[PDB]
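Asker: In the UniProt record's numbering, the protein residues as written are 20 to 91. Before I ask anything, let me first share the structure, which is written out below as structure tokens.
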Ligand SMILES: [Hg+2]
């Protein structure tokens, strides 16, 4: 119950929304670590699948308002 994947959130592309995706995986649930890229719409996060999951990661940014995807 501890996986780490990357995320593709083209929902935006500047110093403000992609970084929000970082706040999304950090607020997704079991996220244990996060490291994305602003304008480079790319979030790489680690977490505990016991309470979260690669799906919940793309869903956290998708919930921030940035319909993204995942590609561990
Ligand atoms: Hg932005």
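Beta carbons are placed, not taken as given, at the ideal position from N, Cα and C, and that holds for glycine.
Under 8 Å Cβ to Cβ from residue 68, same chain only, skipping five residues before and after it: list those, please.
Answerer: Contacts found: 20, 21, 22, 49.
Asker: What does a CB cutoff of less than 6 Å around residue 33 pick up in its chain, not counting 5 residues either side in sequence?
Answerer: Here the set comprises 58.
Asker: Would DSSP call residue 91 helix, strand or coil?
Answerer: Coil.
Asker: In this structure, does DSSP put residue 20 in helix, strand or coil?
Answerer: Coil, per DSSP.
Asker: Which ranges does the alpha helix (DSSP H) cover as unbroken runs of at least 4 residues, wholly within the UniProt domain "HMA" (22 to 88), from first to last along the chain?
Answerer: With a minimum length of 4 residues, the continuous alpha helix (DSSP H) runs that stay inside the UniProt domain "HMA" (22 to 88) are 37 to 47, 73 to 83.
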